[PDB]
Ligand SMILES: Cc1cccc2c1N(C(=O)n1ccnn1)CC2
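In structure tokens, the next block holds one chain alone, the form solved without the named molecule.
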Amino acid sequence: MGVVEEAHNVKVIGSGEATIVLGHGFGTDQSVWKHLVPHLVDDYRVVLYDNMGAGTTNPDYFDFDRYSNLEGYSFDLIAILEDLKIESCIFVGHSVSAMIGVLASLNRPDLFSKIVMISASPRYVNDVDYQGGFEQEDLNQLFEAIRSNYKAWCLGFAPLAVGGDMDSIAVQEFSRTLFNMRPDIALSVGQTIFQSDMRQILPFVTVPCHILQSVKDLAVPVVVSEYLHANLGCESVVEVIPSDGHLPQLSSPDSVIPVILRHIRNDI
């Protein structure tokens, strides 16, 4: 394939035009979708890709200036869609990829028929009129642990993000992909994500959004899903899943995959 697609480990499964594009969150890669993809390929052409800076990507390609804001990732997404000649897709975005897809849709609404968000937030930091789940001091605390001992940080962070028991296979897999990131890139990307603020742009969104999350997610209070629904300019729906974890499609597929599929396959 072309350099852009190779650099993002792009996979295209199937032919035709009905197309779904799946974007992953911080610390993981396209493998996060391993329990969803089997249920899509009979009906849709499926496109997987990795975000620049994931451990599966070449660190020489990580441009710190380009990726200092989420727009860099949104332009990567649009580039891939253009290179593949995709004229319309359903975009499924996990965590930060939800907002990356939203930003892409503001520049190129024509490329997206709908967005399905899994574990999305427009803002992680609290203020006097907004609950995001983190005080700035909590985030200050986390930037420090990455610098001193990256391995320790990964082993402590993975259980909190994934939930469930700490020696579950899912926690181990995430700790592995998380540790595969170069520490300086993990820190830079972490800062960019946790300090982002997409709240102000939500009213400009026009592509319909399906807002899905676990009822227990350390990074996404349930009120965030309500905030998204109330402030997005587009038609939207919310479904909070009786699941635990920030990567619930990976760690609780039996309860989570059916929900995601219903929102992919059915329109508002």
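Rigid core: the largest C-alpha set superposing within 1.5 Å between the two forms. Shifts are known only where both forms have a C-alpha. Numbering starts at 1 and runs along the sequence shown.
If you look for the form solved in complex with the named molecule, you will not find it shown, but the lines that follow are about it.
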query	finding
Exercise: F157 in contact with the named molecule in the deposited bound form, heavy atom 4.5 Å	yes
Contact label in the deposited bound form: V240 to the named molecule, heavy atom within 4.5 Å	no
Exercise: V116 in contact with the named molecule in the deposited bound form, heavy atom 4.5 Å	no
Residue contact check: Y49 to the named molecule in the deposited bound form, 4.5 Å heavy atom	no
Complete contact of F26, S95 and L142 with the named molecule in the deposited bound form (any heavy atom, 4.5 Å)	yes
Option touching the named molecule, based on a heavy atom within 4.5 Å in the deposited bound form, out of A170, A161, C89, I80	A161
Position in contact with the named molecule when the complex is considered in the deposited bound form, options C234, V222, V37, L218, heavy atoms within 4.5 Å	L218
Runs in sequence order between the shown form and the other one, three or more residues long, with CA shifts of 2 Å or more on the rigid core	14-17
